[PDB]
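So this block is data00.pdb, PDB, C-alpha atoms (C1' of nucleotides):
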ATOM      1  CA  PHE E 832       8.078 -16.081  32.536
ATOM      2  CA  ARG E 833       4.913 -15.433  34.573
ATOM      3  CA  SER E 834       4.883 -11.631  34.226
ATOM      4  CA  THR E 835       2.431  -9.621  32.127
ATOM      5  CA  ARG E 836       5.087  -7.739  30.138
ATOM      6  CA  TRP E 837       6.305 -11.185  29.035
ATOM      7  CA  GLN E 838       3.211 -11.789  26.901
ATOM      8  CA  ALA E 839       2.696  -8.055  26.302
ATOM      9  CA  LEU E 840       5.876  -7.767  24.204
ATOM     10  CA  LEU E 841       5.742 -11.182  22.498
ATOM     11  CA  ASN E 842       3.017 -10.564  19.889
ATOM     12  CA  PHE E 843       4.689  -7.520  18.315
ATOM     13  CA  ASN E 844       5.411  -7.490  14.581
ATOM     14  CA  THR E 845       9.189  -7.694  14.156
ATOM     15  CA  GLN E 846      11.678  -9.709  12.117
ATOM     16  CA  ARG E 847      14.598  -9.550  14.576
ATOM     17  CA  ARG E 848      15.238  -9.204  18.302
ATOM     18  CA  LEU E 849      18.277  -7.953  20.224
ATOM     19  CA  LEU E 850      18.711  -8.195  24.000
ATOM     20  CA  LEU E 851      21.027  -5.771  25.823
ATOM     21  CA  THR E 852      21.808  -6.864  29.381
ATOM     22  CA  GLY E 853      24.764  -6.622  31.723
ATOM     23  CA  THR E 854      25.007 -10.190  33.034
ATOM     24  CA  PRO E 855      22.462 -12.903  33.916
ATOM     25  CA  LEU E 856      22.641 -15.365  36.809
ATOM     26  CA  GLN E 857      24.765 -18.514  36.744
ATOM     27  CA  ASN E 858      22.323 -20.855  38.506
ATOM     28  CA  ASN E 859      18.476 -20.801  38.377
ATOM     29  CA  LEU E 860      18.157 -21.984  34.769
ATOM     30  CA  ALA E 861      14.476 -20.942  34.476
ATOM     31  CA  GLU E 862      15.417 -17.309  33.801
ATOM     32  CA  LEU E 863      18.242 -18.229  31.403
ATOM     33  CA  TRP E 864      15.824 -20.527  29.579
ATOM     34  CA  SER E 865      13.246 -17.717  29.766
ATOM     35  CA  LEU E 866      15.656 -15.365  27.987
ATOM     36  CA  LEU E 867      16.145 -18.209  25.500
ATOM     37  CA  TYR E 868      12.356 -18.238  25.024
ATOM     38  CA  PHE E 869      12.177 -14.480  24.463
ATOM     39  CA  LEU E 870      15.116 -14.677  22.036
ATOM     40  CA  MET E 871      13.074 -16.921  19.714
ATOM     41  CA  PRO E 872      10.094 -19.248  20.415
ATOM     42  CA  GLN E 873      11.760 -22.455  19.199
ATOM     43  CA  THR E 874      12.842 -23.872  22.577
ATOM     44  CA  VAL E 875      10.822 -26.562  24.360
ATOM     45  CA  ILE E 876       9.802 -26.130  28.018
ATOM     46  CA  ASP E 877      12.184 -28.891  29.195
ATOM     47  CA  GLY E 878      15.149 -27.296  30.948
ATOM     48  CA  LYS E 879      15.833 -30.209  33.289
ATOM     49  CA  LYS E 880      16.946 -32.586  30.516
TER      50      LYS E 880
ATOM     51  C1'  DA G   1     -71.151  42.322  44.886
ATOM     52  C1'  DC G   2     -67.249  43.929  47.149
ATOM     53  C1'  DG G   3     -62.398  43.646  48.335
ATOM     54  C1'  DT G   4     -57.708  43.438  49.431
ATOM     55  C1'  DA G   5     -53.456  41.370  49.400
ATOM     56  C1'  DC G   6     -50.427  38.007  47.887
ATOM     57  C1'  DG G   7     -48.590  35.896  43.062
ATOM     58  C1'  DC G   8     -45.995  38.069  39.854
ATOM     59  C1'  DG G   9     -42.944  41.301  37.318
ATOM     60  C1'  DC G  10     -39.102  44.127  37.817
ATOM     61  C1'  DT G  11     -34.588  45.758  39.666
ATOM     62  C1'  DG G  12     -30.301  45.837  42.441
ATOM     63  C1'  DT G  13     -26.975  42.987  45.008
ATOM     64  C1'  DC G  14     -23.352  39.829  46.146
ATOM     65  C1'  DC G  15     -21.430  35.562  46.597
ATOM     66  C1'  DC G  16     -20.392  30.653  45.502
ATOM     67  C1'  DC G  17     -19.500  27.116  42.895
ATOM     68  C1'  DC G  18     -17.408  26.152  38.005
ATOM     69  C1'  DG G  19     -13.064  26.149  35.026
ATOM     70  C1'  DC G  20      -8.404  25.359  35.155
ATOM     71  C1'  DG G  21      -3.662  24.899  36.854
ATOM     72  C1'  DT G  22      -0.833  22.657  40.339
ATOM     73  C1'  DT G  23      -0.148  18.854  44.490
ATOM     74  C1'  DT G  24      -0.842  14.612  46.538
ATOM     75  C1'  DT G  25      -2.319   9.719  46.936
ATOM     76  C1'  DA G  26      -4.707   4.701  45.465
ATOM     77  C1'  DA G  27      -3.816   1.052  42.906
ATOM     78  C1'  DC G  28      -1.407  -2.368  39.627
ATOM     79  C1'  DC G  29       2.702  -4.729  39.045
ATOM     80  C1'  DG G  30       7.505  -7.735  40.456
ATOM     81  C1'  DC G  31       9.503 -10.523  44.128
ATOM     82  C1'  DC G  32       8.636 -14.792  46.054
ATOM     83  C1'  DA G  33       5.401 -18.793  46.708
ATOM     84  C1'  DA G  34       2.670 -21.243  49.814
ATOM     85  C1'  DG G  35      -1.913 -23.067  52.094
ATOM     86  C1'  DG G  36      -7.320 -23.124  53.771
ATOM     87  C1'  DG G  37     -11.980 -23.654  55.016
ATOM     88  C1'  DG G  38     -16.618 -23.818  53.162
ATOM     89  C1'  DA G  39     -20.165 -25.005  49.792
ATOM     90  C1'  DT G  40     -20.523 -29.465  46.827
ATOM     91  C1'  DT G  41     -21.547 -34.206  45.888
ATOM     92  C1'  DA G  42     -22.375 -38.500  47.482
ATOM     93  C1'  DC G  43     -23.934 -41.705  50.966
ATOM     94  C1'  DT G  44     -26.622 -43.410  55.070
ATOM     95  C1'  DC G  45     -29.767 -43.820  58.652
ATOM     96  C1'  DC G  46     -34.432 -42.449  61.456
ATOM     97  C1'  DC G  47     -38.427 -40.678  62.814
ATOM     98  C1'  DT G  48     -42.514 -36.745  62.178
ATOM     99  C1'  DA G  49     -46.331 -36.335  60.077
ATOM    100  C1'  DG G  50     -49.811 -37.644  55.780
ATOM    101  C1'  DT G  51     -53.651 -40.583  55.844
ATOM    102  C1'  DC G  52     -57.263 -43.153  57.734
ATOM    103  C1'  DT G  53     -60.030 -43.488  61.560
ATOM    104  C1'  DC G  54     -63.623 -42.528  65.388
ATOM    105  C1'  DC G  55     -65.095 -39.724  69.595
ATOM    106  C1'  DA G  56     -66.250 -35.453  71.463
ATOM    107  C1'  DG G  57     -67.628 -30.330  71.863
ATOM    108  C1'  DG G  58     -68.253 -25.289  71.040
ATOM    109  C1'  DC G  59     -69.015 -21.043  68.936
ATOM    110  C1'  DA G  60     -72.924 -19.284  65.469
ATOM    111  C1'  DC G  61     -77.523 -18.764  66.519
ATOM    112  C1'  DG G  62     -81.907 -17.835  69.183
ATOM    113  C1'  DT G  63     -83.803 -15.713  73.129
ATOM    114  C1'  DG G  64     -83.896 -12.764  78.124
ATOM    115  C1'  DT G  65     -83.176  -8.730  79.924
ATOM    116  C1'  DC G  66     -81.580  -4.004  81.106
ATOM    117  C1'  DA G  67     -79.535   0.872  79.168
ATOM    118  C1'  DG G  68     -80.684   4.648  76.890
ATOM    119  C1'  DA G  69     -83.779   7.454  74.299
ATOM    120  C1'  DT G  70     -88.767   8.877  73.892
ATOM    121  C1'  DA G  71     -93.473  10.700  74.521
ATOM    122  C1'  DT G  72     -96.756  12.105  77.743
ATOM    123  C1'  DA G  73     -99.695  13.263  82.803
ATOM    124  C1'  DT G  74     -99.102  16.970  86.205
ATOM    125  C1'  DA G  75     -98.552  20.290  89.915
ATOM    126  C1'  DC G  76     -97.748  24.468  89.993
ATOM    127  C1'  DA G  77     -97.083  29.235  87.305
ATOM    128  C1'  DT G  78     -97.670  33.560  84.758
ATOM    129  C1'  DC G  79    -101.066  36.724  81.877
ATOM    130  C1'  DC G  80    -106.123  37.829  81.559
ATOM    131  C1'  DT G  81    -110.466  38.971  83.123
ATOM    132  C1'  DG G  82    -114.462  39.893  85.942
ATOM    133  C1'  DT G  83    -115.198  42.388  89.867
ATOM    134  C1'  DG G  84    -115.831  44.637  93.956
ATOM    135  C1'  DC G  85    -114.070  48.581  96.139
ATOM    136  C1'  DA G  86    -112.813  54.305  98.697
TER     137       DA G  86
END

Please, can you express the file's structure as structure tokens?
Amino acid sequence: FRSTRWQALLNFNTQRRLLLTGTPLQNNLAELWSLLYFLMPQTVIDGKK
DNA sequence: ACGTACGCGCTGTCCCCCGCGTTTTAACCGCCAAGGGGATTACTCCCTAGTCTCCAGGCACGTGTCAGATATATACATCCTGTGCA
């Protein structure tokens, strides 16, 4: 979440997003929730609830 | 008025840094998070000098005196002139 290419690619003009990855990690929910943030900006910052 | 010789114009030389293509490295980012000490703000004593004060004294000023420069007697000192001679 704290990288520069995070906010560098967020403000682009698009109507759809598609993420192509092999497999994410099971634990460490901050990066899974971060991929949920980059999917669409509707998720709140609470991942511990 | 003279003069002469160096600034200037011209010509030949050669060489050295610019233009461009190819090689190599400095720095920003991702990871992966932590602390750290030094100016800042606030507070709290504490004691050195401003201010007032009076007592003393010392360097600018006036005068004494020698150092150095100056103008003038002076004892010889070199031409000139009578002057006597062989």

Which residues of chain E have any atom within 10 Å of an atom in segment 15-30 of chain G when counting all atoms listed in the file, and what is the closest pair of atoms for each, with the distance in Å to one decimal? Order the rows by chain and rising number and write it as a tab-separated table.
residue	atom	partner	partner_atom	distance
E:834	CA	G:30	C1'	7.8
E:835	CA	G:29	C1'	8.5
E:836	CA	G:29	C1'	9.7

Item to check | Option closest in space to chain E, from G:52, G:10, G:31, G:5 [counting only C-alpha atoms (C1' of nucleotides)] | outcome: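 Closest to chain E, using only C-alpha atoms (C1' of nucleotides): G:31.
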
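The coordinates place atom CA of residue 850 of chain E at 12.5 Å from atom CA of residue 863 of chain E.
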
Item to check | Atomic distance atom CA of residue 876 of chain E - atom CA of residue 860 of chain E, expressed in Å with one decimal | outcome: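 Separating atom CA of residue 876 of chain E from atom CA of residue 860 of chain E is a distance of 11.5 Å.
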
Checklist entry - Quick one: residues within 10 Å of residue 847 of chain E, all atoms listed in the file counted, chain neighbours fewer than 3 positions away excluded, as a ChimeraX atom specification? => result /E:844,870-871
